[PDB]
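Q: 3D, please:
(chains A, B, C, D, E, F and G, ligands or ions: 5)
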Amino acid sequence: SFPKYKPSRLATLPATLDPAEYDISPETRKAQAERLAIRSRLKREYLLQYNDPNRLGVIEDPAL
Amino acid sequence: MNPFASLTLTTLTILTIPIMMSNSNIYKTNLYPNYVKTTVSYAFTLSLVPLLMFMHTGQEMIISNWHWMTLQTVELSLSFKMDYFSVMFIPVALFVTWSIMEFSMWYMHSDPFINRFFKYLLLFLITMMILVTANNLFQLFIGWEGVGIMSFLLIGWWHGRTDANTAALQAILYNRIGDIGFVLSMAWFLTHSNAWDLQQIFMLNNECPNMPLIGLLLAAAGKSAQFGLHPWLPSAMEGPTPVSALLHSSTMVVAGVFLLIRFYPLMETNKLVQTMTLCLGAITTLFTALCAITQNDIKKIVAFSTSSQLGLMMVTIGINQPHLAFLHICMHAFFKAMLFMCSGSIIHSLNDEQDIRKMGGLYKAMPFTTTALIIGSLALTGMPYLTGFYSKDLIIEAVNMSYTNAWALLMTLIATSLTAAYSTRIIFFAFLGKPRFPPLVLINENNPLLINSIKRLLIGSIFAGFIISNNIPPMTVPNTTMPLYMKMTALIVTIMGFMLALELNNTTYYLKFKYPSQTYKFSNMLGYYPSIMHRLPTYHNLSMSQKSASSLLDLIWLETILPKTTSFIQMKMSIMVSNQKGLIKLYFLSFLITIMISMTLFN
Amino acid sequence: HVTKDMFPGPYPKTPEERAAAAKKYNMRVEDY
Amino acid sequence: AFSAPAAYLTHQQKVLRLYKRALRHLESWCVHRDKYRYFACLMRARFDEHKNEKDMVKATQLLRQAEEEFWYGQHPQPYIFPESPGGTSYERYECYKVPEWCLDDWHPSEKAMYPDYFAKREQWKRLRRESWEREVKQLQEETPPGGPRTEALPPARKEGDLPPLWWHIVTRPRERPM
Amino acid sequence: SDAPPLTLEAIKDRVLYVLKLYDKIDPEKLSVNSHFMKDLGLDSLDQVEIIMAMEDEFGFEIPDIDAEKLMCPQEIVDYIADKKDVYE
Amino acid sequence: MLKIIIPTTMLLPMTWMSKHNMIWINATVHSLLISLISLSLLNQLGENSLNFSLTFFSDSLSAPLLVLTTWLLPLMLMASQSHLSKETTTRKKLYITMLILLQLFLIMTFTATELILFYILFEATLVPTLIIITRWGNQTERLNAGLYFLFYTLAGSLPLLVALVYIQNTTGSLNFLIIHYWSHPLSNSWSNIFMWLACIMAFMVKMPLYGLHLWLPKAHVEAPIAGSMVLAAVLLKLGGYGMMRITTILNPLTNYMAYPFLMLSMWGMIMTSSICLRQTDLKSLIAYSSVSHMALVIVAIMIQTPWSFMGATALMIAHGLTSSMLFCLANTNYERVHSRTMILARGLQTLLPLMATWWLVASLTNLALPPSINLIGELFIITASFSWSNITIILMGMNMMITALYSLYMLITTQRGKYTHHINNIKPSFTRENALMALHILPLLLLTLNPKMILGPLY
Amino acid sequence: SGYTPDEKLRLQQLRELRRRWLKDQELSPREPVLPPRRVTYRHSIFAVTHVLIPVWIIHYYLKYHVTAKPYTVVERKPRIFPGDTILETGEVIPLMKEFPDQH
Ligand SMILES: CCCCCCCCCCCCCCCCCC(=O)OC[C@H](COP(=O)([O-])OCC(O)COP(=O)([O-])OC[C@@H](COC(=O)CCCCCCCCCCCCCCCCC)OC(=O)CCCCCCCCCCCCCCCCC)OC(=O)CCCCCCCCCCCCCCCCC
Ligand SMILES: CCCCCCCCCCCCCCCCC[C@@H](O)O[C@H](CO[C@H](O)CCCCCCCCCCCCCCC)COP(=O)(O)OCC[N+](C)(C)C
Ligand SMILES: CCCCCCCCCCCCCCCCC[C@@H](O)O[C@H](CO[C@H](O)CCCCCCCCCCCCCCC)COP(=O)(O)OCC[N+](C)(C)C
Ligand SMILES: CCCCCCCC/C=C\CCCCCCCC(=O)O[C@H](COC(=O)CCCCCCC/C=C/CCCCCCCC)COP(=O)(O)OCCN
Ligand SMILES: CCCCCCCCCCCC(=O)SCCNC(=O)CCNC(=O)[C@H](O)C(C)(C)COP(=O)(O)O
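A: Residues are numbered from 1 along each chain as shown, chains lettered A, B, ... in the order given. Ligands and ions are numbered 1, 2, ... in the order given. Below is the structure in question.
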């Protein structure tokens, strides 16, 4: 037994000590797949807009 | 006639010529660093003469050459004070800067912007000279802000590194917290004594009240990195090693102690401020020594050593011995600059490695570096008849025999023991064990620049303490008779610290492993002070800056009160008035009503 | 070059509105 | 940094990462080499005793108290390599990395010096100009409908083809540009 | 700095030097193209130990996502060269 | 004075009959020439004033503001030369005409020996500014900003007209000399309280005071560059100049009528300094900094001590120059970036070193670094407020620390760090922008040598 | 685990291109071209244009301008002990009263 790490607002819980990713269900895997999918879609769009030799400006960011 | 004034102004003037030449052609070549180094050396050898004349006669002088502006009954002029403190601190600072520049000519050979680095170093030196020689509070403030700005510019030398910018902003923040008290003192002095000049301030204040002295103490605490505002000095190591060796080791960080020394005629007249500064010095020296005990980055250890020495001279100020504090400033400059130069040599030789876990056997691999570091550590710990002895031994003796707080006594004794302990830690972990660096051995010190720069400070840290101690007139009452057990307390406590640290460090060879205790975690994490104080206040303040000040008040309620309410009311009234169906039946009914109202009301 | 729909909108009680907003901010509906 | 990540980490990857972190922090605790080797072998022994466990519920039950024990004895000041994201020289040279496209804004007098370099630069620019037109079509025809599922890019398949989106990976400034 | 410009052959020599001192594998059998899991029968933990050994020896640390997929000395050499921008 | 007013008027026919490709050259040259002529006014005497005629007089308070006003116009032309490249000749000539009219109105305002003429020109300065903001503005919010700027000013300044005509009816003259010589105490009555409020609110709204500053961020953000500099440099000083001119008849009522405004300013300086820390925009950050500095000036004027007035004048001039420089730098960044967001472009010091130097110098001057006149005015006001009450030092020190924090935050976010990867149109800085920054900064470091020229009549 | 064949091929091609680009960064002997155009001794001249001239200028400024105004340069009066002689007057300060001297 070891003393427990109690998280706070300015010291969050570490990912390793977090219990959400140890109780794994197929829907959690599906959710991670969708997250990676949308992230990769955004990354592909940015990279397509980024390596274009014809572009001579600033890539407008809708998020910003 | 009387070359004192001429030479004491000429040194500060000749320090400025390369700044003027920075727009010339020599700035674009590789001759600039050597040019700046030679200029600094010439300035030092020229300023050495007023020191001799002061030693021979006791010359003191103030020069008020340029009259800046007159505000009714107040006169502000460019006044330089050339008393004992200034005439003694000019050569020490110039000597240390010369050695540091010669060292930097080797340490920073690969930096493309080396010329800019040397120009920044010279600008800092000029500003510190202005601060030291200042005679009125405005010029002192000019130097006070200039050194801080130069420290900000030199800490964040590498713009890409985020930690460098963070450390620079942190240093500026703490220095502004100190400047609050500095400005308080300036305003009080002008509004009560009707002068920012030191002479009138000294004369008109026979019994100085608490407010200006508390302001001065706050400024000194801010710039000398005392316990309340300490972390900026250890965090300021993100800059290049020469910067931390010159600025944040021996010259810039002694500005607060020098300010307290300059106002010593007012310090003696007050008893509460002396107690407060003694307590501050004691707590800060103990805290930084305790933190340095278990540190693992070499530059961090030496920075905490610098903070401990700063606290020790604050304690010296507390027991009303300002001249002893000035002497300790002079000695600490030498040997702490030595230690940082040796640390930089090790870091460069080990391919930019700073953790002492990866330094092994360097006693034989780097003989000159280890001998210089050993001499510097022995001087720092207070070995008799060395540079650090002539200051620290007298500090401890005077502290032991004064009607002072007892807790400060105990804290100072434990602090010097811990000083010996962490010096032992540095030596043992960086020069004794088996090598632990990567296999590609690149050890090399055979460069004349590094060797000469180290050896000059070596001769200094060996003989300058004796020379200065025996070559100045007495200014303090000697402690001739003392108990033998109390006469040796410094040596006994230093030897006890040596033995305890060595015995505890030798136990790391044993093949046993144990999780750390709470005390080790407290000491390694810097008392948890940098964590909490850099997450609880800041966040909250920033939170308010977006919640209350910006959105809720400015963008919501201030808009709702004056403009939005007016807009809504006028819109409603316009809708009410203009909504007429166009029927003349209602129009003429209203006409009849108003005719009746005017007939019966206005008569 | 940004349409009106892309811009931030008032909090929506309805699930359909919530879904539209989650898609706008480029994140999963149940992650919003 | 080079390899694209997966949507999740398998149990094997978690175990390997925990092993690496534990060994690193043990080395940080045990300064000397012989002590480090002894205790690293002891840790490997205590690490492989549950290597052959079959059920996943108990294995996931483990590697939790292991993480708690690691967090309790993690040496709050670990050793970090100077170029690591926590090192003393992490982003030291990031202020010297000037982008390649800046060279397009140089004055002709400045371009008079280094003529061969700029000739090779024009050759590289032409190569990129053709390769981009080929790559956009290759990536369009290779991606599955509905958008990519992982951020892994395919190599070049034809003879004269070049890998898609290569210009800004090939033309990185340097590790130490100055 | 005075750091010599380490080259590809130097990197390969250092890699083989580190590997040949790993007594779990015989120096004679190993080659620059030899595998780890199959050609030498090494455990996953063993491969992690080799990666950490090269980490310590070369002075720079490899991210886990890139370290867990290095299985031959040749690709380790290639990864180090790509990290350190080696021409030849 | 007519040797100054007449050439400014002749600038209009000079501009309108110039060739299509030479308007900027002529306007800049003759504006600079006019500034040289205005330099003669600076030699004030310790006695009353330079009473030129029955209509215009010059003091040592009006001289620095007049010189700054005449000096600003060439800088405005050089700043506007950039974004007006694709504009027709008639519209460019109209823009220069608006700038010239603004300068002429300000010049006639600052002397204005009679208070009604001062008020007439003080409101006349509002039309060209509104036209500039609402016509040559980029964003779609320029219309709302123009409406706010018009109405906030006019609502405050309308009771001032009634107060002035009432004073003329009772006192019998509004000439400032007669007003100063024949001044009599104001009794403590409700009517006198409302006269005080009417005479003060018109200038406090324009300064602006905290709580009535909502128009300033909008007007500064949506305006073009020249409108931004003329708002931050000269148009904010109209309120303070009027207040220091008109507080001569409000004694001794002010002794207790200054409490609400003193508290509002001494708390709003802290509030706006804190607001500057959490800002996603550059021009908004600079506008809030201007609000903080003007709140400090309000405190100084309301204290009503000689050191307060000297510090107020010094801070007025210094803040004008510094804010104009900061707006110039922000505009140069926005022209290349086309976004106007602080964190969108980063690490520009690696790409534009000299502009990084200009940024550093402007931030240091804004940071109130000694011995610049910024700190001279700051420190004078601090000492005067300390004499007023020993507890003000807490608020002033907090303001100083927050000012340093947000200034260095502005410098670090835009200059230090790693450059943004997806921006490849950061062309090398032109000679025009470097010359603009140099002409902004050199007068500050030159005035730090002769502070008595900007310390006002109570020197 | 390990590299997929597509990953191996892509990394190989990227490495080839990167090495080509890096090799292209080298400078030839004539690559740097500069167009030329013009319009004890070292220390001896250095001490003259950097030390002597500032001394001359500052000494002139202090002697004939700063000291012209009153009270600009004020020197602490030298310490006077028993037994010294004053240059201006010539008088001799009386000695001490012969305190008892043992050890
Ligand atoms: C008139 C008579 C004169 C004679 C006087 C007496 C003569 C000598 C007597 C000896 C006295 C102590 C000497 C041993 C020092 C301790 C060394 C030790 O055992 O460390 C191992 C041990 C844990 O080490 P570890 O975790 O196994 O290390 C992991 C590896 O070794 C990792 O190792 P590493 O390689 O990473 O680094 C190792 C490093 C790391 O070591 C550490 O962890 C640092 C912690 C030790 C510093 C403590 C020394 C002084 C403490 C001052 C405290 C000031 C007041 C603070 C109040 C806090 C209140 C909460 O240690 C060192 O390098 C050397 C340690 C320093 C020894 C040299 C200087 C000590 C001598 C000076 C002290 C006394 C002589 C005064 C002379 C003047 C005459 C009066 O330390 C302790 O157990 C702590 C012992 C003392 C702590 C006292 C605080 C307890 C507070 C509890 C709560 C109380 C109630 C509060 C209520 C508040 C209500 C508001
Ligand atoms: C070695 C010398 C060093 C110092 C040099 C100082 C030079 C100063 C030059 C700058 C002067 C600033 C302008 C001053 C204008 C204010 C004074 C002006 O209004 O006076 C007018 C007179 O102004 C002059 O006549 C004309 C001066 C204008 C030109 C100044 C010199 C520089 C001009 C540069 C213009 C461009 C040069 C060419 C470029 C291609 C009217 O005087 P008036 O009210 O009747 O006087 C009554 C009293 N009296 C009877 C005793 C005379
Ligand atoms: C919102 C952003 C800022 C806008 C501007 C803010 C500044 C406006 C505030 C006005 C300043 C003070 C107004 C009155 C000051 C006189 C002192 C008086 O208030 O105190 C007591 C007065 O008692 C009561 O206050 C009577 C007045 C109560 C009614 C006034 C409204 C109070 C709340 C309204 C706040 C709304 C402000 C914003 C309006 C849009 C003292 O009683 P007494 O000694 O016998 O009378 C003194 C006057 N004598 C001597 C001439 C006779
Ligand atoms: C950004 C928006 C700011 C809005 C500012 C509006 C408020 C300005 C202050 C009040 C303005 C009206 C004052 C009247 C002008 C002064 C004239 C004067 O002084 O004459 C007085 C007359 O005094 C008055 O008539 C005042 C009546 C006020 C009526 C209008 C009320 C407007 C709102 C009042 C509260 C506002 C105060 C705080 C405003 C804060 C800003 C929102 C003397 O009367 P006699 O006839 O000579 O008597 C002598 C014989 N015993
Ligand atoms: C100072 C800090 C101290 C920290 C102490 C940390 C705690 C130490 C004790 C840890 C306890 C455990 O082992 S937790 C045990 C976790 N569960 C398992 O290991 C089950 C099956 N393991 C696998 O399959 C792996 O892949 C494996 C076979 C290991 C490798 O495979 P490779 O063939 O691909 O190398």
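Q: anything in the strand or helix carrying residue E:48 near chain B?
A: Using DSSP states H and E, residue E:48 falls within helix E:44-58. Yes. Legend: contact between helix E:44-58 and chain B by Cβ under 8 Å from any Cβ of the partner chain is shown at E:56, E:57, E:58. C-betas here are computed from N, CA, C, even on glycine.
Q: Out of these, which is nearest to ligand 5?
A: residue E:56 (17.5 Å; Cβ to the nearest ligand atom).
Q: What about the closest residue to the closest one other than its chain neighbours, how many residues nearby?
A: Among residues not flanking residue E:56 along the chain, residue B:438 sits closest, at 7.1 Å (Cβ to Cβ, 6 or more residues apart in numbering or on different chains). Using other Cβ atoms under 10 Å in any protein chain shown, residue B:438 has 16 neighbouring residues.
Q: Hmm, residue E:60 and residue B:438 touching each other?
A: No. With contact defined as Cβ atoms under 8 Å, residue B:438 and residue E:60 do not form a contacting pair (9.8 Å).
Q: Not counting sequence-adjacent ones, nearest residue to the residue in the stretch 301-450 of chain F that ligand 4 sits nearest to?
A: Residue of the stretch 301-450 of chain F nearest ligand 4, by Cβ to the nearest ligand atom: residue F:302 (15.6 Å). Spatial nearest neighbour of residue F:302, excluding adjacent residues (Cβ to Cβ, 6+ apart): residue F:258 at 4.3 Å.
Q: May I have the residues that are in contact with the most centrally placed residue in chain C?
A: The residue lying closest to the centre of chain C (Cα atoms, centre = their mean) is residue C:21, at 0.7 Å. Residue C:21 is in contact with C:9, C:12, C:32, counting by Cβ atoms under 8 Å, 6 or more residues apart in numbering or on different chains.
Q: anything in the host helix or strand of residue F:241 sitting right up against ligand 4?
A: Per DSSP H and E: residue F:241 is located in helix F:237-246. No. Using Cβ under 6 Å from any ligand atom, helix F:237-246 never reaches ligand 4; the gap is at least 12.0 Å.
Q: which residues in chain E form helices?
A: E:8-20, E:44-58, E:64-67, E:73-84 (DSSP state H).
Q: Which one of these lies nearest to residue D:63?
A: Closest to residue D:63 of those, according to Cβ to Cβ: helix E:44-58, at 14.0 Å.
Q: How about that closest one and ligand 5, any contact?
A: Yes. Contact check for helix E:44-58 against ligand 5, using Cβ under 6 Å from any ligand atom: residues in range are E:44, E:45.
Q: outside of that helix, which residues touch it?
A: Contacts of helix E:44-58 (Cβ under 8 Å, 6+ apart): B:438-439, D:12, D:16, D:19-20, D:23-24, D:44, D:47-48, D:81, E:14-15, E:18-19, E:22, E:24, E:36-37, E:42, E:61-62, E:67-68, E:70-71, E:76, E:80.
Q: And stretch D:99-106, by the same measure?
A: Stretch D:99-106 is contacted from outside by D:118, D:121, D:171, D:173, F:351, F:419, F:421, F:424, F:427, F:428, using Cβ under 8 Å, 6+ apart.
Q: tally of neighbours for the second one?
A: If I follow you right, that is residue D:121. Considering only other Cβ under 10 Å, residue D:121 is surrounded by 16 other residues.
Q: show me the contacts for it.
A: residue D:103.
Q: And for the last one?
A: Applying Cβ under 8 Å, 6+ apart, we find residue F:428 in contact with D:105, F:352.
Q: Now with 10 Å, please.
A: D:102, D:105, D:106, D:107, F:351, F:352, F:354, F:355 (Cβ atoms under 10 Å, 6 or more residues apart in numbering or on different chains).
Q: closest to chain B among these?
A: residue F:351 (11.7 Å; Cβ to the nearest Cβ).
Q: Check the gap between that closest one and residue G:68 for me.
A: Separation of residue F:351 from residue G:68 (Cβ to Cβ, to the nearest Å): 53 Å.
Q: circling back to that earlier point, pretty sure the residue of the stretch 301-450 of chain F closest to ligand 4 is touching residue F:243, no?
A: Yes. The pair residue F:302 and residue F:243 qualifies as a contact (Cβ atoms under 10 Å) at a distance of 8.3 Å.
Q: residues shared between the contacts of these two?
A: F:200, F:204, F:312.
Q: Pipe those residues into TSV and attach distance to residue B:597, secondary structure and neighbour count per row.
A: Listed next are the shared contacts of residue F:302 and residue F:243 as TSV, based on distance: Cβ to Cβ, whole Å; DSSP: H, G, I helix; E, B strand; the rest coil; neighbours: other Cβ atoms under 10 Å in any protein chain shown:
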residue	distance to residue B:597	secondary structure	neighbour count
F:200	40	helix	26
F:204	42	helix	24
F:312	55	helix	30
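Q: From the contacts of helix E:44-58, list the buried ones, please.
A: B:438, D:16, D:19-20, D:23-24, D:44, D:47, D:81, E:14-15, E:18-19, E:22, E:36, E:42, E:61-62, E:67-68, E:70-71, E:76, E:80 (16 or more other Cβ atoms under 10 Å in any protein chain shown).
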